[PDB]
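A.B. asks: Encoded as structure tokens, here's the structure I'll be asking about.
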Protein chains: 2
Amino acid sequence: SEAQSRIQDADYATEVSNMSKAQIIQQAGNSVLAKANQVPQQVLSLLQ
Amino acid sequence: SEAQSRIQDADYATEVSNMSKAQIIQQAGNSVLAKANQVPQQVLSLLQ
């Protein structure tokens, strides 16, 4: 049982860390996508 | 008869000594088991 525990079970100390990292990266990516979305509109002011 | 009694009868002092030792060891083991049972409770506060 001790031997099987090393292969099956997860490491809860590391998984919450990885989850927080992924969530932070997702929020950063959503913000960057939102801010990089509205830069063809300089053409709108540029042509008028 | 006195020869046979050396092989059949027990020694009460040694027996009560071993009984007390075993009872102390069992109580210690139950305490240690109950103490090592809430080891995986830290991951619960870790993930929240």
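Naming scheme: A, B, ... for chains in displayed order of the structure tokens; residues 1 onward per chain; ligands 1 onward as shown.
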Write down, as a PDB file with N, CA and C atoms, in the first residue's frame, each residue of chain B that has any atom within 10 Å of an atom of chain A, counting only C-alpha atoms.
C.D. replies:
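Final output, result_27.pdb:
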```pdb
ATOM      1  N   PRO B  40      -3.911  14.528   7.124  1.00  0.00           N
ATOM      2  CA  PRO B  40      -4.340  15.086   5.837  1.00  0.00           C
ATOM      3  C   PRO B  40      -5.353  16.216   5.935  1.00  0.00           C
ATOM      4  N   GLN B  42      -4.530  19.282   6.833  1.00  0.00           N
ATOM      5  CA  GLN B  42      -3.870  20.531   6.470  1.00  0.00           C
ATOM      6  C   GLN B  42      -4.074  20.879   5.002  1.00  0.00           C
ATOM      7  N   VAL B  43      -4.177  19.877   4.128  1.00  0.00           N
ATOM      8  CA  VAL B  43      -4.392  20.173   2.716  1.00  0.00           C
ATOM      9  C   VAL B  43      -5.750  20.828   2.509  1.00  0.00           C
ATOM     10  N   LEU B  44      -6.697  20.585   3.417  1.00  0.00           N
ATOM     11  CA  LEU B  44      -8.009  21.205   3.302  1.00  0.00           C
ATOM     12  C   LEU B  44      -7.912  22.714   3.470  1.00  0.00           C
ATOM     13  N   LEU B  46      -5.151  24.216   2.990  1.00  0.00           N
ATOM     14  CA  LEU B  46      -4.198  24.631   1.968  1.00  0.00           C
ATOM     15  C   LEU B  46      -4.903  24.976   0.665  1.00  0.00           C
ATOM     16  N   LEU B  47      -5.917  24.196   0.293  1.00  0.00           N
ATOM     17  CA  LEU B  47      -6.596  24.424  -0.977  1.00  0.00           C
ATOM     18  C   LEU B  47      -7.601  25.566  -0.904  1.00  0.00           C
ATOM     19  N   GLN B  48      -7.930  26.034   0.295  1.00  0.00           N
ATOM     20  CA  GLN B  48      -8.867  27.141   0.438  1.00  0.00           C
ATOM     21  C   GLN B  48      -8.161  28.390   0.949  1.00  0.00           C
TER      22      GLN B  48
END
```
A.B. asks: Looking only at the backbone, which of the residues in chain A does DSSP tag as helix (DSSP H, G or I), as a PyMOL selection string?
C.D. replies: chain A and resi 2-8+12-37+42-47
A.B. asks: Write the residues of the selection above to a file with C-alpha atoms, as an mmCIF file, in the first residue's frame.
C.D. replies:
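Ended up saving to again_35.cif:
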```cif
data_model
loop_
_atom_site.group_PDB
_atom_site.id
_atom_site.type_symbol
_atom_site.label_atom_id
_atom_site.label_comp_id
_atom_site.auth_asym_id
_atom_site.auth_seq_id
_atom_site.Cartn_x
_atom_site.Cartn_y
_atom_site.Cartn_z
ATOM 1 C CA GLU A 2 2.856 2.382 0.800
ATOM 2 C CA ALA A 3 4.454 1.615 -2.566
ATOM 3 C CA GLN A 4 1.208 2.148 -4.477
ATOM 4 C CA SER A 5 0.624 5.454 -2.673
ATOM 5 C CA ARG A 6 3.667 6.972 -4.392
ATOM 6 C CA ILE A 7 2.342 6.314 -7.903
ATOM 7 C CA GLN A 8 -1.413 6.899 -7.628
ATOM 8 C CA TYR A 12 -1.839 18.540 -2.795
ATOM 9 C CA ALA A 13 1.002 20.907 -1.894
ATOM 10 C CA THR A 14 1.879 21.303 -5.579
ATOM 11 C CA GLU A 15 -1.519 21.025 -7.261
ATOM 12 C CA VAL A 16 -3.004 24.100 -5.581
ATOM 13 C CA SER A 17 0.143 25.979 -6.604
ATOM 14 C CA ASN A 18 -0.200 24.880 -10.230
ATOM 15 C CA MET A 19 -3.911 25.729 -10.177
ATOM 16 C CA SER A 20 -3.274 29.234 -8.861
ATOM 17 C CA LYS A 21 -0.592 29.726 -11.511
ATOM 18 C CA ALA A 22 -2.932 28.594 -14.292
ATOM 19 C CA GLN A 23 -5.755 30.817 -13.030
ATOM 20 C CA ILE A 24 -3.458 33.848 -12.847
ATOM 21 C CA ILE A 25 -2.224 33.129 -16.371
ATOM 22 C CA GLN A 26 -5.820 32.844 -17.587
ATOM 23 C CA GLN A 27 -6.777 36.188 -16.048
ATOM 24 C CA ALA A 28 -3.681 37.847 -17.516
ATOM 25 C CA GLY A 29 -4.444 36.376 -20.932
ATOM 26 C CA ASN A 30 -8.058 37.534 -20.830
ATOM 27 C CA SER A 31 -6.941 41.050 -19.907
ATOM 28 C CA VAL A 32 -4.334 41.098 -22.681
ATOM 29 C CA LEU A 33 -6.881 39.820 -25.205
ATOM 30 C CA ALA A 34 -9.337 42.514 -24.127
ATOM 31 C CA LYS A 35 -6.746 45.295 -24.365
ATOM 32 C CA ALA A 36 -5.279 44.082 -27.669
ATOM 33 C CA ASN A 37 -8.762 43.749 -29.163
ATOM 34 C CA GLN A 42 -7.130 53.849 -34.358
ATOM 35 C CA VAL A 43 -7.999 53.535 -38.051
ATOM 36 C CA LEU A 44 -11.486 54.854 -37.271
ATOM 37 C CA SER A 45 -10.085 58.076 -35.816
ATOM 38 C CA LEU A 46 -7.276 58.087 -38.375
ATOM 39 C CA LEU A 47 -9.469 58.178 -41.482
#
```
